[PDB]
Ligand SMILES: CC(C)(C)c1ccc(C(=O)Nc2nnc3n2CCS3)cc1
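What follows is one chain in structure tokens, specifically the form deposited without the ligand.
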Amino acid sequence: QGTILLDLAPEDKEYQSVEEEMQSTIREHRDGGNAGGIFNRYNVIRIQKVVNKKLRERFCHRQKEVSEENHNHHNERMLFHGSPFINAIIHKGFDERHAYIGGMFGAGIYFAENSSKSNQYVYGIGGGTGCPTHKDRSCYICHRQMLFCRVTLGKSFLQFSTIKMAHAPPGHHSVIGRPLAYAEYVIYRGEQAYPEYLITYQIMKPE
């Protein structure tokens, strides 16, 4: 009835692939490192595949609906996600009723093609107050977690603005904020993402 976490072995292609996506999509942030910390590399502690029958059924069911509405293309992408909700997501799935980033009049679940972007939201908006233990947004000690996710984008609506909506526009299934400094991918239904890989990691302190 629950989630099985399967550990990948570091010598497997699949683990190496996930780390490669993670390490290589790091970019400099306009922050100067304030929200996510100062680093140019991660220390990857563990990578786990999340398996949950119920999460998978909801994802696959929505994926078929999107294909039908999108000339038989679900338009799936692998994308990164960071939020303080990681533990609830791997057990309960993504839930849009948490409007982590939007607000009390905002909506949408955010993903990034750049892992360093997702890492800014691991402790909250603007990096919250940092790690629970040390209250350090730039903690090199505490193990952080993020997700590398299957995301059903369907027909994406592209925008280039400091604006954001509370649903996808007519005909569409996701919203892309284009560079902004980096791209952001927004979906408005939780069943449009599956939390494939759970990455446990530290940011590294430069020498």
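Residues that one form lacks are left out of the comparison. What we label the rigid core is the largest C-alpha set whose atoms superpose within 1.5 Å from one form to the other. Heads up: residue numbers just count along the shown sequence, starting at 1.
Form solved in complex with the ligand: not shown, discussed below.
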- Item | Open or blocked: site for the ligand, pose in the deposited complex superimposed, 2.4 Å backbone/C-beta cut-off, 3-atom minimum | blocked
- Task: Determine whether any heavy atom of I125 comes within 4.5 Å of a heavy atom of the ligand in the deposited complex, and answer yes or no.
- Result: yes
- Message: Can you tell me if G130 lies within 4.5 angstroms of the ligand in the deposited complex, counting non-hydrogen atoms only?
- Response: no
- Do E184 and the ligand come within 4.5 Å of each other in the deposited complex, heavy atoms counted? yes
- Kindly confirm or deny that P84, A112 and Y121 each have some heavy atom within 4.5 angstroms of the ligand in the deposited complex. yes
- Note on the structure: With the core superposed between the shown form and the other one, a CA shift of at least 2 Å among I141, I45, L158, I163 belongs only to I163
- Message: Please determine whether the C-alpha atom of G102 is displaced by 2 Å or more between the shown form and the other one following superposition on the rigid core.
- Response: yes
- Item | Cα separation of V186 and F105 in the deposited complex versus here, shift of 3 Å or more | closer
- Item | Relative Cα spacing, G103 and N34, in the deposited complex - shift of 3 Å or more | closer
- Message: Once both forms are aligned on the rigid core, what are the runs of 3 or more consecutive residues with C-alpha shifts of 2 Å or more between the shown form and the other one?
- Response: 100-106, 162-164
